[PDB]
Every structure is written in structure tokens, then in C-alpha cells.
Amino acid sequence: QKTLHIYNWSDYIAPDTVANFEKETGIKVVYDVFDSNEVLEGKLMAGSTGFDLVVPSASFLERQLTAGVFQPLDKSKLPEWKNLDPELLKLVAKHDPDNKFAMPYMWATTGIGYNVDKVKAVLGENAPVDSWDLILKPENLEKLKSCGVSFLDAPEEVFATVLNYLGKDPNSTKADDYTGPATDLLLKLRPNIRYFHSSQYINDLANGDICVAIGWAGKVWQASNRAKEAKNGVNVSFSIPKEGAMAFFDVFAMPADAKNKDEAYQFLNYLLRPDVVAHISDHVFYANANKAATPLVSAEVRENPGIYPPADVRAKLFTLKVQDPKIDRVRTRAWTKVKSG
């Protein structure tokens, strides 16, 4: 009896993906979920994960490669690799040289999810929902405080976002940028922030418990879809702000101690099927990295520029670089100071 252990982001797969793979291959898949790059990186660094496939963000995989926690993907076992978008493969190759270790799965941006009616009730019809001013300007957050503010629990994404908003290098290597202006702004906003979390804002946006959130595009679009299905009158939307935003690329990778390698390769080839990953995008509201799958994606997802952004928007996006030990320590210490309590 063949088995396969998969550790993937939560809400990152169609409800029937695994069942169809199981019935076609006869493999029993053990499936578990996470919502934090930090949780996954911690597991990879502390010892055996017990998984055959894991799905870190590409900028995190770059750090993890130097620890040897993955084994390189045998491209002769991934024949439809050519389905992947070349330009996106080129971009991930900055994190994963020669695309030796990482199979791009989905990608999206870290933007602003918001209740349309609540935000407009508080900040007016012309609320700057096109700008990080909506949530990074203290005077706006003080008014939104009453209706609920949520920051994502991803310190590298938040600090890069703040640095870009402050006109500085999103991957600044100047320590004073973090301890000074970045911390200053985050400490002004902190009293208005209800909580830091990477998943709860989905349901809180859907049910109307919060009105604004720094979050990932697909997660916010899922909340907007759940509110629509519940017919609760809640109107959630997502914004890639005009000042730019962080893009991320989540990639499948194979731990160096994976037990069921053959099964894991069968699962990766299953995900390379254009119809397979297009069907996933239809349910999770994330853009996949498969260029052959794009015309198979539903028009609701494919034509949403908050999911498949056009060249105008993509040119203003930035990606995370891996910081040195000093900046990493200073950023981690400031995050702790910000999440205090």
C-alpha cells in the first residue's frame, strides 16, 4: 500500500484534488496544512518533517537550500515541466538556481482586504482603498479601529511592505531603517490593530467582524466568495495598492529524507496537468504558475486583476530578498516589539 505525506498551505487545493489523485493512482495521501512560512521553516530546520512534499514560499526556500533540507528534483521524472511559465520559472530561479529544487505552484500578492461598505462608511466614498494609506496612515487606522483591523502574522512581508510605503528599499539592508522609521510607524499603528494572524482574517472579513486586513489576495477573495455564498450582505474586496506590493511564489519541494519519492513525483506530475491546476485555481482564487493552464481557468478567476495582474501592475510589485544575520536579528526583534501583547 503506497502512501504519501503532503504539507501544504491551508485552503490551497480543490476539495476533490486528492481524492481524484488517490483513485487514479491507488496511493493513500496523508494531508496536513499550515499558514506560516515560519512554522514550516522551523520544522525543516529542527529535524525530519516526516513529509515527502512541502510548500514553502520561494524566498524562504532560498534560505532553506543552504541547510540542505531538500533534495534536487529529477527533471527526467517531471516531463510536463514545460507547462510552467518560463518568466515565472526565471523569477523563482533567483531563489532556486537553475530551478533545481522548487516546482512553482501558486503565486499572489500581499495587499489589503477590506469590507467595502464599512470602510466607505468610516472613511467616506473616496476612501483610499487604492493605497497603503488606507491602513498604514495612523489617522485612517484610528478611525477604522472601531470596525476591526488585522495585520498578517508574517514579519518579513509586513516589514518589506512598510519599508516600501516609507519610500525605502523594500529589502533595505540598513539596520536604522528597521529600528527607526519602520518600527516608529508600526508602533503608532499598533494600538489600532486588533490582532496579528495569517488565517483568522478570512472568516472575520467574511462575517463582518473586521473591516480591513493586510492579507494575501487569494485568501481575501475566498472570504469575499464565502460572504457571497452565505448571502450575508457582506461585501469584501482586495486591493493591490498603487505604491506597489510584495509578490510571493509558493513552490513544492521535496525534503532530503522523503520516504515515498516515486509517489511524490507522481503527485507533482499530477499537478503539472493543466486541467488539474486550473481546477484548483477555480476554487482557491489563486493564480497558478502553469502557463498551459491559464485559458482553462474560469473567467471569474482568470480575468480578476487582483489574481492575474496585468503587466502594468506586475511591474510595480517587489519580491523578498534574504537578509543577512544582522538585519534578520534586528527585524525579528522589532516584530516582537510590535506584536507585544
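Heads up: residue numbers just count along the shown sequence, starting at 1.
For the segment pair 257 to 265 and 108 to 116, the entry gives 257 to 265 the higher mean B-factor, averaged over Cα atoms.
Look at the C-alpha B-factors of 226 to 234 and of 181 to 189. On average they run higher in 226 to 234. Highest C-alpha temperature factor among 37, 64, 298, 59 per the entry: 298. Ranking 249, 81, 252, 216 by Cα temperature factor from the entry places 81 first. When the modelled residues of the chain are ordered by C-alpha B-factor, residue 6 sits in the lowest third.
Sort the chain's modelled residues by C-alpha temperature factor and residue 27 lands in the highest third, per the entry. When the modelled residues of the chain are ordered by their C-alpha B factor, residue 52 lands in the middle third. Ranked by C-alpha B-factor against the other modelled residues of its chain, residue 273 falls in the middle third. Sort the chain's modelled residues by C-alpha temperature factor and residue 202 lands in the highest third, per the entry.
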